[PDB]
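The chain below stands alone and is given in structure tokens; this is the form solved without this ligand.
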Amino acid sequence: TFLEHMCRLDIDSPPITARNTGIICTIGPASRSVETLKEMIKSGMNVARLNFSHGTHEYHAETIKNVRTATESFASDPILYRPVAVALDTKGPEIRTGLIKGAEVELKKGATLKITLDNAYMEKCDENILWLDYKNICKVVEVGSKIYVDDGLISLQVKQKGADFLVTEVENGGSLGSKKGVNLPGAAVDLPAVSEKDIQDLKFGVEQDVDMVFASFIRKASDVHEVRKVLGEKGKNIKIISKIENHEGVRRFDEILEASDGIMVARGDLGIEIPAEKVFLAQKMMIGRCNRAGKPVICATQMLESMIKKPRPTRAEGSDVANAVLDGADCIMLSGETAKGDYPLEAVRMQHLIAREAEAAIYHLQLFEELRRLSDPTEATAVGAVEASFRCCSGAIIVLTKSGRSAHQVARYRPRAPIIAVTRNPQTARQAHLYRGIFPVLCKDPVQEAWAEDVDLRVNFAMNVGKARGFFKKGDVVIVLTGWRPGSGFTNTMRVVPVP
């Protein structure tokens, strides 16, 4: 029972399980160097995120170079080599105010504010007529519609809508500077999914051979397909992860999920748009549907922010990170903790520890029996493999895959046993980190002419990796998923093999 699982949790016993959730780290000035990156990889970093909200293409190109230099420095031993994915995080559409002749002119709880659109009234914002770059703001806003300014600092409330201006009352005021960020809860923002700057960044991402794109501010399915279109044919194999940052994204989550390769839950941005007594519900909902759909869900923002200045996180942060894992998140993303903080290596190590500790609180058998309660030969084989992995108490499930799909298919049923995905495709090896329980392995050996010899070679390689990682030892039993004939593109073959 799940209750008994909680009762025998022991804080004095070390985590005997391996970490199954991926760790995504934002690379910046504090972690940009090869030497630091090497230690972060050793500490458990699986994906390197590039925040294109700031920095030039030159800067980021150097960062990508350093990440790959640090990564390939472990290639001298393919058994212990861990693939590292590169993630591009788009800037996305913003709503910014004008320049207060910078400086600030405070407001107060009661006064009025006449929002404008005069494209020359930029350089001088008062405590009355305020400017913003959102041209079509007057047809997606209503009367009574709140307008948060500077990350949920100053809330307004529309009173009069002309045709290209708004009269507002200041709900709660304070300091207000230049080029601040405004949020419109819960309006349907009509800004383009792909800014002209995003089109540049995404183009750059294709040339840099990035593995995935974190698309900011996704509100609908058509936004995702717009990013897809920009990536085009050349970037068709790049995984698109939609970032849910506002109320519309939550409401239209199903169409966004069906259009995406994965989901990022941005709690911080969510907390600005919707009340605090509901954000946890939205998180648990979105994670649940991603798990049900077998698509990767990333939990981001406000993970270990205190570790920017401290070597140790608060227990609240540790509890929040742990509960995200227990919710069913596939990956956890660090931001300023690794980008600009004083302890980037400690943050990665702490995230590893918390993820490992939360593993003990996971009730593996229940999740599978529910995901099974919810035709195709590959689906039956995947279910059969997981079922067999519980029956034999297997040390691992070895999946021979080209694109990664066969491994993802097994991963969606959440077996206790780690999934060793063996591939010769370096990209799918890197992209596999997005899925919980998948331990990607990159085979470098040339193809054998005899198909059964090539399979046996890939299996034995996985066998060696498993022994080295301590997943299993000789005498144990593993489940092996392959195809049947040379280049028949569907995994329908399950094999229960003793560990040699």
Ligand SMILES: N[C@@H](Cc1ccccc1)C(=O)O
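Just count from 1 along the sequence shown to find any residue number.
Check your understanding: Counting only residues from the deposited sequence, how many are left out of the model between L374 and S375 (none, 1 to 3, 4 to 9, 10 or more)?
Key -> Per the deposited record, the segment joining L374 and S375 lacks coordinates for 4 to 9 residues.
Practice item. Answer with none, 1 to 3, 4 to 9, or 10 or more: how many deposited residues between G102 and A103 are not present in the coordinates. Key: In the deposited sequence, 1 to 3 residues between these two have no coordinates.
Exercise for review: Mind pulling up the entry and telling me whether 190 to 198 or 110 to 118 has the higher mean Cα temperature factor?
Suggested key: Between 110 to 118 and 190 to 198, it is 110 to 118 that shows the higher mean C-alpha B-factor.
Check your understanding: Hey, which bit's got the bigger mean C-alpha B factor in the entry, 273 to 281 or 252 to 260?
Key -> For C-alpha atoms only, the mean B-factor is higher in 273 to 281.
Practice item. Please work out which residue in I308, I398, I332, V141 has the highest C-alpha B-factor recorded for this crystal structure. Key: Checking the PDB record, the top C-alpha B-factor among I308, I398, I332, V141 is at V141.
Review point. According to the deposited entry, which of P418, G318, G174, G92 has the largest Cα B-factor?
Key: Answer, based on the entry's C-alpha B-factors: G174.
Review point. Sorting the chain's CA B-factors, does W451 end up in the lowest, middle or highest third?
Key: According to the entry, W451 has a C-alpha B-factor in the chain's highest third.
Check your understanding: Going by what the PDB entry lists, where does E226 fall on CA B-factor within its chain: lowest, middle or highest third?
Key -> According to the entry, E226 has a C-alpha B-factor in the chain's lowest third.
Point to revise | Cα B factor band for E233 (lowest, middle or highest third within the chain) | key: Middle third - that is where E233 ends up once the chain's C-alpha B-factors are sorted.
Exercise for review: Using the B-factors in the PDB entry, rank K402's C-alpha atom against the chain and give the third, lowest, middle or highest.
Suggested key: CA B-factor rank for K402: middle third.
**Study point:** Third of the chain, ranked by Cα B-factor, where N492 sits
**Key:** Within its chain, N492 is a middle-third residue by C-alpha B-factor, going by the deposited values.
Although it is not shown, the form deposited with this ligand bound is what the next lines describe.
Review point. Though only this chain appears here, would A18 touch this ligand in the entry with it bound if you measure heavy atom gaps against 4.5 Å?
Key: Taking the distances in the entry with it bound, the answer for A18 is yes, it comes within 4.5 Å of this ligand.
Check your understanding: Does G437 reach this ligand in the entry with it bound, with heavy atoms at most 4.5 Å apart?
Key -> Residue-level check for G437: yes, a contact with this ligand.
Check your understanding: Does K203 make contact with this ligand in the entry with it bound, using a 4.5 Å heavy atom cut-off?
Key -> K203 lies outside the contact set for this ligand.
Check your understanding: Just to confirm, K146 within 4.5 Å of this ligand in the entry with it bound by heavy atoms?
Key -> Residue-level check for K146: no, no contact with this ligand.
Check your understanding: What stretch, of 460 to 468, 30 to 38, 438 to 446, 55 to 63, brings heavy atoms to within 4.5 Å of this ligand in the entry with it bound?
Key -> Careful reading of the contacts points to 438 to 446.
Check your understanding: Quick one: of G98, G262, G249, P418, which gets a non-hydrogen atom within 4.5 angstroms of this ligand in the entry with it bound?
Key -> None of the other options qualify; the answer is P418.
Review point. Using a 4.5 Å cut on heavy atoms, which of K310, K161, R82, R289 is close to this ligand in the entry with it bound?
Key: Result of the distance check: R82.
Check your understanding: Going through 24 to 58 from first to last, which residues have a non-hydrogen atom within 4.5 Å of this ligand in the entry with it bound?
Key -> The stretch 24 to 58, when checked against this ligand in the entry with it bound, contributes only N46 at the 4.5 Å heavy-atom cut-off.
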